[PDB]
Amino acid sequence: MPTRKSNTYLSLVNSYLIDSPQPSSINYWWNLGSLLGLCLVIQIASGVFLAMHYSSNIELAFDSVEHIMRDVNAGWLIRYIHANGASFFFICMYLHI
Amino acid sequence: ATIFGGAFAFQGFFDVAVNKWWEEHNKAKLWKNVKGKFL
Amino acid sequence: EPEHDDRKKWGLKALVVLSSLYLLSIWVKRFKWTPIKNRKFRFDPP
Amino acid sequence: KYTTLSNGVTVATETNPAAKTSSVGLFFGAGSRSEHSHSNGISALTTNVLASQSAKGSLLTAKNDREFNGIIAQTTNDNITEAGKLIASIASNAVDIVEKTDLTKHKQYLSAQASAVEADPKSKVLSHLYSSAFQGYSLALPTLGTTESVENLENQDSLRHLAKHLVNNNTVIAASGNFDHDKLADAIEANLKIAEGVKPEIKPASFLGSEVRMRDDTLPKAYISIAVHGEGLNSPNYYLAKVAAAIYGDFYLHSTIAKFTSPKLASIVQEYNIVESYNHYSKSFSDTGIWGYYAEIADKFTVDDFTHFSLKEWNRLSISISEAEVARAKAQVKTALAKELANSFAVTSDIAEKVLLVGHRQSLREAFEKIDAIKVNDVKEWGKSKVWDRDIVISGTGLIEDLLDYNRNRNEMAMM
Amino acid sequence: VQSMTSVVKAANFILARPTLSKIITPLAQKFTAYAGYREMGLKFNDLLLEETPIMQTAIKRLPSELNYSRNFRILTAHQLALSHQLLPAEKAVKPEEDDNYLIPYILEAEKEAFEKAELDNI
Amino acid sequence: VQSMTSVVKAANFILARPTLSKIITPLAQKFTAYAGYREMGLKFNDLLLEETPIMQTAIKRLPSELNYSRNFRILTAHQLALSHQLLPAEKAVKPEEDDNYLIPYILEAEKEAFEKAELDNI
Ligand code: HEM
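Residue numbers (the authors' numbering), protein chains in the order written: chain K, 1 to 97; chain I, 17 to 55; chain D, 241 to 286; chain A, 22 to 437; chain G, 2 to 123; chain Q, 2 to 123.
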C-alpha cells in the first residue's frame, strides 16, 4: 500500500486530509471548520509567545502587556494577533454554528 | 530544499519593493527626511 | 502607538503577499475544479 | 513482394514455403474512422454482407477494423488462386451483392456483435477509452457501430459507402502462404473489376485527455483502463512505444508465473494482491495511438492503490528504467511481433493494415533490427516526451467507486 | 424527526375536510414550487433524510428502476449545486412528475417498526 | 537482524575447522543449556523473531503437525512464564529434541528472497 496508508500516522493524516471522501456539493461554508482549526493554532501560537513575556501578577499584568506592545521586538504584532485572532475565532465559530 | 532558498527571492523582492515605495510615498514625513529642519 | 509606522508598513507587505497569494489560490482552485464543474452525466436505462 | 495490377490496385504478398495455410483478402480502408454518427457501423455491415457470400469451399471472413475493412478468404495452399478469384468476384460485384441483400439478418448479426463488445468488460472498457480519447472525431466511433445506429442503416447507405471507399486507389489485395505470387496476381487481375476513384481523405483525430465512468455496481470486478497519446504506425517511435509498453508487460494474478514475472509492477501489486490482472498495450492507428494499460481489480477497495502504483511505475519510465528492463522489453516485443505474424490470416491482415495505412511494410527482420537499436536512453527520452506528465484518458466499468476522479490519477503522472 | 406515519396522518386529517383542503392545497403547491428543489431535478422524496434505519430500509427495498432513477437525480442535484446552476424550466421536474414514489415503502417500514414496538409492549 | 543464511554460513565456517569446532561446540551446548529456554518447553526455533516477512512465510509453509506442535510449545511457554514455574527436568526439552525443525524453511525463504534481490539488480 502507499506510504500514506501503510504508516499509521500518515494513515490518520490521509483519512482526515488527503482521502476524506467529502461530498462534491459543499459550499465555501464547509471551509469554516478548517479556519476554526487554523485559528485554534493561531490563538495557541501567538498565545504561547505572549506568556513568554506576560507576567500574571496583578501589579504587573497591564504593565507586562504594555511591555509586550512597546519593548518586545514583534510584541505588538503578537498581541494584536492573539486578540483580533480571538475575535476572528469567534466570527468563524458563529459562522460555523 | 529549493523551497527554503526560493522563499528568499520573493521575500526580498516584496520587502525591497515596499521599502522603496514607502519611503517615497512618505518621504516628506519620515524622520530621516525631516531631521534637517530641526538640527 | 509607537509601532504605528512599522505596523502599517508590515501591513502593506502582508497585504501585497496575501492578495497575490489569494488570487493565485483562486486561480488554482478554479483550474483544478474545471474537471468537476465540467462533468456531464448520462442515465440510459432500458 | 508487390505488383500494381491494371486499375492501379496493388497486390502485396508475403509467401513462405513453411506456411501451414494460405490466405488472400481484399481490404479497402475506410473503417469506422471514415463514418459519422448517423451512419456509423455501415462499413462493418457492408463487409459482413460481402463476407456472407458463397465461399466455394474457402473460409470467407470480414475484418472490420477501426480504420480499414476487408474480406479475407482463408484456404489451403493449393486452393489459394481459387480463393483469389472468389474475393475478386465478391468485390467486382459488391454493389450488386449489396443491392440484392436483405440487410435485416445482417443487421441483427451486427447488433449482436455490438452488444458483445458492450458486454465483454475489456472490449467495453477499451471501446469507451478510444471514444473518450478521440471524442469529437470519427475515430471515437465503435468499429462495429452502436446498436442504435446499426438498425438505422439501409442498402443505399452501404452502396454510397462502397462507391466512396471501394476504389482502386483505396484498395489492396493482401496475401500470404505457400504459393507462386505471379499465379495469384494473374488470377486476380483477370477477375478484379472495381470503380475508379481517389483515395478518400482520412479524417483528422486529436487526443483529448478525458475520463469516462460506466459504474455498474452489479459486476464482480473493476475493469479500468488508463492510457496516454501513443505512437501511430507512421511514428519512428512505434517500436519504441511497444518496448515501453512491454517494460511493464502483462500480469495475471492466478497464473503460475505471477510470483516470478520480471516487471516491477507485478511484484508491487502482489504484496496485498492489489489487482487481479492487467496488460500494457500500445494500440497504433494510422496517425495516432493509445499507449497504456487495461486492468481488472477483484478487490473493490484497491482500485486507487493499483492506479497509484501503476502510474508511479510509469514515472519510473523517464528516470530509473534499467538496462535489464529495456533488454527484456526489447526481447519480449520482438517475440510478440513474431508471434503476431505466424498465422497466415494474421500476416494478411498485417500486410493490408500496413500497406493501406502507412504505404510500406517493414519486414520482420527490419523490425528486429530497428528494435535492437533501442538503448535505455532512447526509452527514457520517449518516456519524457510522451508518458511523463502527459494527459491521460481513463475508463472504468464496475465497482469503480474507489477509482479517484481524474485529478488524482493525472497528478500521479509527475510526482518524482 | 417526524414519522411519515404521522405526516400522512396530518395530511389526511387536512385533506378530508373541504375547507382546510381548499385553503391549504393551493398553498401547499405554492410552497412546493417556491421550495426550489424541483429546479435541481429532485423529486420531493429525494430530499427525505436518508440517515435513519427506517429510511435506509425503505431505499434498500426500492425497485431497480426507481433506485437507479433516484441515484441519477441525486447525482444531478449534486452536480447542479456544485456548478451553481439550475435546470431550465423545460428540464426541471414538473409538478406531475413529483409523484411521491418512495412514500409507500417508508410507510411500510414504519408499519413494521410500529407493530414490532407494539408487540414488544404487548 | 542477522539473516539466517548468514548465521548458517558462520556456523559452517566454524564447524568445518576441527580446532574451532572442538572449542566452540562444547561451549555451544553449554550456552544452549544455560540459556534456560529448554526448561520452558521451547525448542530453539520457537524463540526466533516471528515478525518478519521471511520468517512469517517460513511459518506459513510449515507442515501441519509441526505447526500444531509449535503452537502447543509456544502456548506452554507462555503459561509457564505466566505462572512463574519451570518444567521438571524429565519434562524439559532434551538436547536431542531441539532438532532445528524450522531452519530449512527459513533458509528456503532466504534463498528465494536473495534470488529475487539478485535478479532485480541483474
Ligand atoms: C481558542 C483558544 C484561545 C482563545 C479564543 C484566546 C483568546 C484570547 C483573548 C480574546 C484574549 C484577550 C487579549 C487582549 O484583549 O489583549 C487572550 C489573552 C491572552 N491569551 Fe489567549 N486565547 C486562546 C488560547 C490561548 C493560549 C493557548 C495561550 C497560551 C499562552 C494564550 C495566551 C494568552 C495570554 C498570555 C493572554 C494575555 C493577553 C495579553 O497579555 O495581551 N491564549 N486570549
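Just so it is clear, CB atoms sit at the ideal spot from N, CA and C, and this is done for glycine as well.
Cutoff 6 angstroms; reference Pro27(Q); Cβ partners in own chain excluding five residues on either side: Position 26 of the sixth sequence, counting from 1, holds the residue named residue 27(Q). Counting only Cβ-Cβ distances below 6 angstroms, and skipping sequence neighbours, we find nothing.
Straight-line Cα distance separating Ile395(A) from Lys351(A): Translated into the one-based positions of the fourth sequence, residue 351(A) becomes position 330. Translated into the one-based positions of the fourth sequence, residue 395(A) becomes position 374. Computed Cα separation, rounded: 8 angstroms.
Best match in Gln22(K), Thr3(K) and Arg79(K) for proximity to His53(K) [C-alpha to C-alpha]: Residue 53(K) sits at position 53 when you count from the first residue of the first sequence. The residue with the shortest Cα to Cα distance from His53(K) is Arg79(K).
Unbroken alpha helix (DSSP H) run spanning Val116(A), endpoints: What you label residue 116(A) is simply residue 95 of the fourth sequence in a count that begins at 1. Counting along the chain, the alpha helix (DSSP H) containing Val116(A) begins and ends at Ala115 to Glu120.
Near-chain D residues of the region 4-26 of chain K (beta-carbon distance less than 7 angstroms), N- to C-terminal order: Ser24
Start-to-end residues for the alpha helix (DSSP H) that takes in residue 139(K): Outside the modelled stretch of chain K, which goes from 1 to 97, sits residue 139(K), for which no answer is possible.
Listed by chain order, chain A residues near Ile15(Q) by CB distance under 8 angstroms: Start at 1 with the first residue of the sixth sequence, and residue 15(Q) comes out as number 14. The contacting residues do not exist; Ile15(Q) stays about 35 angstroms from chain A at best.
Chain-order list of residues whose beta-carbon lies under 6 angstroms from that of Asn258(A) (same chain, five-residue window excluded): Numbered from its first residue, the fourth sequence carries residue 258(A) at position 237. Result list for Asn258(A): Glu252 and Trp403, in chain order.
Beta-carbon spacing of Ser6(K), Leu83(G) below 8 angstroms: As a first step, residue 6(K) must be located in the first sequence, where it is residue number 6. As a first step, residue 83(G) must be located in the fifth sequence, where it is residue number 82. For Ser6(K) and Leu83(G), no; Cβs fall outside 8 angstroms.
Assumed close pair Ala226(A), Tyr273(A) - CB separation to whole angstroms, cut-off 8 angstroms: Working through the fourth sequence from its first residue, we reach residue 226(A) at position 205. Working through the fourth sequence from its first residue, we reach residue 273(A) at position 252. Wrong, their Cβ atoms sit about 32 angstroms apart, outside the cutoff.
Any non-hydrogen atom of ligand 1 closer than 7 angstroms to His85(G) Cβ: In the fifth sequence, the residue the question calls residue 85(G) occupies position 84. Checking the Cβ of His85(G) against ligand 1 gives no.
Nearest-angstrom beta carbon gap, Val138(A) and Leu165(A) [assumed within contact, 8 angstroms]: The residue given as residue 165(A) occupies position 144 in the fourth sequence. The residue given as residue 138(A) occupies position 117 in the fourth sequence. About 6 angstroms; that satisfies the 8 angstroms criterion.
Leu80(A) in three-state terms, based on DSSP: Along the fourth sequence, one-based indexing puts residue 80(A) at 59. In the structure shown, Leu80(A) sits in a strand (DSSP, three-state: E or B).
Near-chain Q residues of the region 343-368 of chain A - C-beta to any C-beta below 7 angstroms: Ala345
Beta-carbon proximity list for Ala319(A), same chain, < 6 angstroms, skipping 5 on both sides: Along the fourth sequence, one-based indexing puts residue 319(A) at 298. Around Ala319(A): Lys242 and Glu297.
Inter-residue spacing [alpha-carbon to alpha-carbon] between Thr8(K) and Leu286(A): As a working note, residue 8(K) is residue 8 in the first sequence. As a working note, residue 286(A) is residue 265 in the fourth sequence. So the alpha carbons of these two residues sit roughly 24 angstroms apart.
Residues near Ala115(A) by beta carbon distance below 7 angstroms, same chain, minus five either side: Along the fourth sequence, read from residue 1 onward, the residue named residue 115(A) stands at position 94. If we look at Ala115(A) and ignore the five residues flanking it on each side, its Cβ neighbours are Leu71, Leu183 and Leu187.
Cutoff 8 angstroms; reference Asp100(G); Cβ partners in own chain excluding five residues on either side: The count along the fifth sequence starts at 1 and reaches residue 100(G) at position 99. Excluding sequence neighbours, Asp100(G) sits near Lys44.
Contact check, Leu332(A) vs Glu433(A), beta carbons under 8 angstroms: Your numbering for residue 332(A) matches position 311 in the fourth sequence. Your numbering for residue 433(A) matches position 412 in the fourth sequence. Yes. Within cutoff.
Own chain partners of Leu385(A) with C-beta closer than 8 angstroms, once the 5 adjacent residues on each side are dropped: Looking up residue 385(A) in the fourth sequence gives position 364. Excluding positions up to five away in sequence, the list reads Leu358, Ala359 and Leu362.
Buried/exposed call for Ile123(G), threshold 16 Cβ in 10 Å: By one-based count along the fifth sequence, residue 123(G) stands at place 122. That one is exposed.
Local conformation of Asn68(Q) per DSSP, three classes: Here residue 68(Q) refers to the residue found at position 67 of the sixth sequence. In the structure shown, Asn68(Q) sits in a helix (DSSP, three-state: H, G or I).
Residues of its chain near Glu39(I), where Cβ-Cβ distance is below 7 angstroms and the 5 sequence neighbours each way are ignored: Start at 1 with the first residue of the second sequence, and residue 39(I) comes out as number 23. Same-chain partners within the cutoff: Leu46.
Closer than 7 angstroms: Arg79(K) CB and nearest ligand 1 heavy atom: For the purposes of this step, residue 79(K) is taken as residue 79 along the first sequence, with counting starting at 1. Because some heavy atom of ligand 1 lies under 7 angstroms away, the Cβ of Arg79(K) counts as near it: yes.
Distance, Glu40(G) Cα to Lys95(G) Cα: Looking up residue 95(G) in the fifth sequence gives position 94. Looking up residue 40(G) in the fifth sequence gives position 39. Distance between the alpha carbons of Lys95(G) and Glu40(G) is about 9 angstroms.
Near ligand 1: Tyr315(A) beta-carbon under 7 angstroms from a heavy atom: Taking the fourth sequence and counting its residues from 1, one reaches residue 315(A) at position 294. No, the Cβ of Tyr315(A) stays beyond 7 angstroms of every heavy atom of ligand 1.
Where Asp423(A) falls: helix, strand or coil (DSSP): As a working note, residue 423(A) is residue 402 in the fourth sequence. Helix, per DSSP.
Nearest neighbour of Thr68(A), chosen from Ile92(A), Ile289(A) and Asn428(A) [CA to CA]: For the purposes of this step, residue 68(A) is identified with residue 47 of the fourth sequence, where counting begins at 1. Of the candidates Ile92(A), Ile289(A) and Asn428(A), the one whose C-alpha sits nearest the C-alpha of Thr68(A) is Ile92(A).
Meets three-Cβ-pair contact criterion under 8 angstroms: the region 79-89 of chain K and the region 24-42 of chain K: yes
Stretch-stretch touch, CB-based, cutoff 8 angstroms, three pairs: the region 74-93 of chain G with the region 277-284 of chain D: yes
Within-8 angstroms CB hit, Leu252(D) to chain I: Position 12 of the third sequence, counted from the first residue, corresponds to residue 252(D). Taking Cβ atoms only, chain I reaches closer than 8 angstroms to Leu252(D), which makes this a yes.
Segment contact, 8 angstroms Cβ cut-off, at least three pairs: the region 275-282 of chain A with the region 16-26 of chain G: no
Continuous beta strand (DSSP E) stretch holding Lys304(A): start and end: By one-based count along the fourth sequence, residue 304(A) stands at place 283. Start and end: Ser298 to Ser305.
C-beta contact flag for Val2(Q) and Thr53(Q) at 8 angstroms: Start at 1 with the first residue of the sixth sequence, and residue 2(Q) comes out as number 1. Start at 1 with the first residue of the sixth sequence, and residue 53(Q) comes out as number 52. A contact, by the Cβ cut-off of 8 angstroms.
Residues from the region 258-272 of chain D in contact with chain A, defined by Cβ distance under 7 angstroms: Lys272
Per-residue burial, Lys117(Q) [other beta carbons within 10 Å of its own, 16 or more giving buried]: Here residue 117(Q) is taken as the residue at index 116 of the sixth sequence, counted from 1. Result: exposed.
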